[PDB]
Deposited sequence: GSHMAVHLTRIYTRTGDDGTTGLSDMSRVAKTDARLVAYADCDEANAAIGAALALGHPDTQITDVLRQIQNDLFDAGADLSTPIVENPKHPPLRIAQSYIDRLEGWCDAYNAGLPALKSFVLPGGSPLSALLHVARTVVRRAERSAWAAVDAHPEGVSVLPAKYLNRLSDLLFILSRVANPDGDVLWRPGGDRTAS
């Protein structure tokens, strides 16, 4: 309970394959792959493609952050998620939500390949957010909360974009119906 089953963080330090930090950046990888599948199978417009590819780049920045313990006075300044990343996601949320009708209930996920795979990506990003909070909980001084805050806003954006993309419009949940 030995080197089998261990691996390294970005500073080379050794962690279990079940380490909370690693689980968080692994789930960012899984989210990034879900976004790649939305791009590859969904056929998005050029503008949505550019947004999603920036997000895929951002997710590696988030994994770099999560994989790099916070230390006092580091050798060289680490790559970290900054508030500016979240401000950018919010700007996109506002712009893409402007034309959507008001929604009063849950929507059944699906629609076009693109809208359905943006819902898949949304749910995987939300899973990554939970893992990112668990990493902060395990290392309150050594892990940034900004990766988790980024993933939180990203799932808002992916919901909005699934609605933009959906040719079925909003198919509403009917509670108990």
**Sequence order list of spans that the model leaves without C-alpha positions, deposited numbering** = 1-13, 15, 192-196
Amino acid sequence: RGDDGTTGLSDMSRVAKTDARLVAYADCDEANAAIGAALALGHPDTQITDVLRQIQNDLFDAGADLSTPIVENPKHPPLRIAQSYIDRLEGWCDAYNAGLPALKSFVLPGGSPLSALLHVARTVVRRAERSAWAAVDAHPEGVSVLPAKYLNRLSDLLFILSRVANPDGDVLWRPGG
From here on, numbers count along this sequence of modelled residues.
**Item:** Higher-scoring stretch by recorded Cα B factor average, 126-134 or 63-71
**Value:** 63-71
**Asked** Can you tell me which stretch has the higher mean Cα B-factor, 72-80 or 101-109?
**Response** 72-80
**Item:** Out of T18, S13, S155, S162, highest CA B-factor residue
**Value:** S13
**Fill in**
From the entry's CA B-factor values, the highest among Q54, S144, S115, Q47 is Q47
**Message:** Could you place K149 in the lowest, middle or highest third of its chain by Cα temperature factor, using the values in the record?
**Reply:** middle
**Complete:** By the entry's values, the third containing the CA B factor of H139 is the middle
